[PDB]
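Before any comments, here is the structure.
Number of protein chains: 2
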Amino acid sequence: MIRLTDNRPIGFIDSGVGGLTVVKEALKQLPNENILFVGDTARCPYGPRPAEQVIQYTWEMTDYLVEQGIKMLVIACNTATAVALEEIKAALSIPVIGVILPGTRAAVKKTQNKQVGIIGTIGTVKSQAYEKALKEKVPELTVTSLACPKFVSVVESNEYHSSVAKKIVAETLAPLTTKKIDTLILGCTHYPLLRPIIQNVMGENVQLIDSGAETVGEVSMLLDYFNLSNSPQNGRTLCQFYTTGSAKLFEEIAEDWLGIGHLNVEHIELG
Amino acid sequence: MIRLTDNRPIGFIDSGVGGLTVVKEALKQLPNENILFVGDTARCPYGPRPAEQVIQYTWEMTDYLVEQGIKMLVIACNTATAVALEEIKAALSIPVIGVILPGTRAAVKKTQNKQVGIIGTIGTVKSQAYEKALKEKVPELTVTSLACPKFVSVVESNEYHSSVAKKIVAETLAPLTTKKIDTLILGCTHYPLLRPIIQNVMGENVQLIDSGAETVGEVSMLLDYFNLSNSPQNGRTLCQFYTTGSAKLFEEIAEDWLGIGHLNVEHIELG
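Going down the list, the sequences are from chains A and B. Numbering of the first sequence is given in full-length UniProt numbering, commencing with residue 5 and proceeding in unit increments. Numbering of the second sequence is given in full-length UniProt numbering, commencing with residue 5 and proceeding in unit increments.
Structure (structure tokens):
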């Protein structure tokens, strides 16, 4: 019946900057937890790379944070989750969670008419990761998967509130509005920045599922299960970001998306 | 990226019959999972017993279900959770979850004015298990704990819809209605049967937290985390109850509370 106070940080790894929305949710849902994040922007994206490379690079980010003292790991990008998560999870002693199943679980729980949609990059959509995960849980589901090619560029360019964004989202999601979908999974970590526009286009009757937000929800439970929670008396005292690419660009994007002022971003080297 | 189909049952253990409400939630939230439940009614209650006995008896129920093939264990009663859970969880290779933290976590997430209440047996209330768990998460919470001495007898006697029930609940919870509480934890597994009455007494502005329901919510996530889910193609094919006391009485109570017709209940012997 011993509750332990563990102030070690929770680690988050990503090939790019999308995972920052998962961190944003962690800051809100887990106010007392310390955070470490690595963005391998020098080698982003991982999608087109052979599994061997993806695994190698994901291991390099993992090893870096483990050495920095993390007590739990969140693999924030889709490719690393689908390709390297199982190997890393099996080798490490710390808990490891990805960003596909949590969102899938939530979608299955929220749908009422079993008409579920998922939007994301063409890589994610073509991999069928979400469709397969959804049907393995509820085979009767009618799943519509739609790639949204330009959403990422709009968000990374910090133009997710512009007229260009409203047009791109409206035109891209058009065919998705006539499927009677009542639950839509935001299958790309960049998409939460476009949520208001996406919600308006889909309509108030469509429940949006933020995969990253659901992942953080699982982390909250896992902290309790594994007795790894920090104490509120300590609170969050550390939030550090690392990037293999431009620290300047990373900082600009991160500070904009998180909207909480100055953030600590350090350029690092991997492999 | 290998998803395994594991049709082994999830086990639930309890000193008494209260845990049946946790099973009721499992049947609803996890429609494809097989279930095994043991109620040590021949030695209920565990509360007044020395920790040594509680641990011994809980281990006997655990060993029985492990030998019956369970893949995960839910300790459904408060005393076993507070006294024996940590030892059992540390010794077994299968996941083990209790019924206090899940409810606590949910209460912390739902409260808005930080005025939280918890009702349960005098044993649970005096142990301060919930108050301590709540404050370890959010120290600013104002927690009101109230013992409800006769609720269990009303429920076990299958009189939870009677006028006697309405009077006992109304009079017992009276002082709890003037604390501006916006979140109330049902800290006894017997209480879900009195939920409608409790809700009416507390008012529509009070969110009730079903600790057992939240525990099943965690189980759902743990099945994914540990890759232990059964498949929907198999569905639930097994639901067996075991009791060390009267199988007749247990069956009468279980069939009434679950309201799904005939249930398989077998009298067994432990230690």
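Beta carbons are placed, not taken as given, at the ideal position from N, Cα and C, and that holds for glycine.
Runs of the beta strand (DSSP E) spanning 3 or more residues and lying entirely within the region 245 to 272 of chain B occur at 268 to 271, in chain order. Not one beta carbon of chain B lies nearer than 7 Å to the beta carbon of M76(A). Taking 8 Å as the Cβ-Cβ cut-off, the region 80 to 91 of chain B approaches chain A at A86, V87, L89 and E90, given in chain order. When Cβ-Cβ separations below 7 Å define contact, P35(B) makes no contact with chain A. Cβ contact annotation for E273(B) (same chain, cutoff 8 Å, sequence separation greater than five): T248, in chain order. Between the C-alpha atoms of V100(A) and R199(B) there is a straight-line separation of about 37 Å. The straight-line gap separating the alpha-carbon atoms of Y68(B) and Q211(A) is approximately 44 Å. For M5(A), the chain B residues whose C-beta falls within less than 8 Å of its own C-beta are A86, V87, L89 and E90, listed in chain order. In its chain, beyond the 5 residues on either side, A151 and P153 have a beta carbon closer than 7 Å to the beta carbon of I126(A). Take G239(A), set aside five residues on each side of it, and the residues of its chain with a beta-carbon closer than 8 Å to its own are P35 and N36, in chain order.
Exposure of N162(A) is indicated by the presence of fewer than 16 other C-beta atoms within 10 angstroms of its C-beta. The continuous alpha helix (DSSP H) containing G221(B) extends over residues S215 to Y229.
Note: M76(A) is bridge-paired with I14(A) in the DSSP secondary-structure output.
Within chain B, the C-beta atoms nearer than 7 Å to that of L105(A) come from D228, in chain order. The three-state reading of DSSP puts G22(B) in coil, since its state is none of H, G, I, E or B.
Here DSSP, grouped into helix, strand and coil, assigns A88(B) to coil. Going by C-alpha positions, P179(A) is about 10 Å away from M206(A). Our two residues, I59(A) and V78(A), have alpha carbons roughly 15 Å apart in a direct line.
Taking 7 Å as the cut-off, the Cβ atoms of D10(B) and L105(A) do not count as close.
The alpha helix (DSSP H) runs lying completely inside the region 117 to 163 of chain B and spanning 4 residues or more are 126 to 131, 133 to 141 and 155 to 160, given in chain order. Chain order gives the chain B residues near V142(A) as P236, where near means a beta carbon separation below 7 Å. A30(B) places its beta carbon less than 7 Å from that of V220(B). A Cβ of chain A is located within less than 7 Å of the beta carbon of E222(B).
The beta carbon of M206(B) sits no closer than 7 Å to any beta carbon of chain A.
Within chain A, no residue has its CB atom less than 9 Å from the CB of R199(B), the nearest being about 21 Å off. A distance of 7 Å or more separates the beta carbons of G216(A) and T187(A).
Beta-bridge partners assigned by DSSP to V100(A): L77(A). By a beta-carbon distance limit of 8 Å, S166(B) does not contact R109(A). Their separation comes to about 39 Å. The beta carbon of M65(A) does not come within 7 Å of any beta carbon belonging to chain B, so the residue lies off that interface. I6(B) carries a coil assignment under DSSP once its states are collapsed to helix, strand and coil. Residue environment for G73(B): exposed (fewer than 16 other C-beta atoms within 10 angstroms of its C-beta). Straight across, the Cα-Cα distance linking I264(B) with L197(A) is about 46 Å.
Closest by C-alpha distance to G124(A), out of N117(A), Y134(A) and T115(A), is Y134(A). In this structure, the alpha-carbon of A251(A) lies about 19 Å from that of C81(A).
Neighbours of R109(B) across chain A, judged by C-beta separation under 9 Å: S224, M225 and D228.
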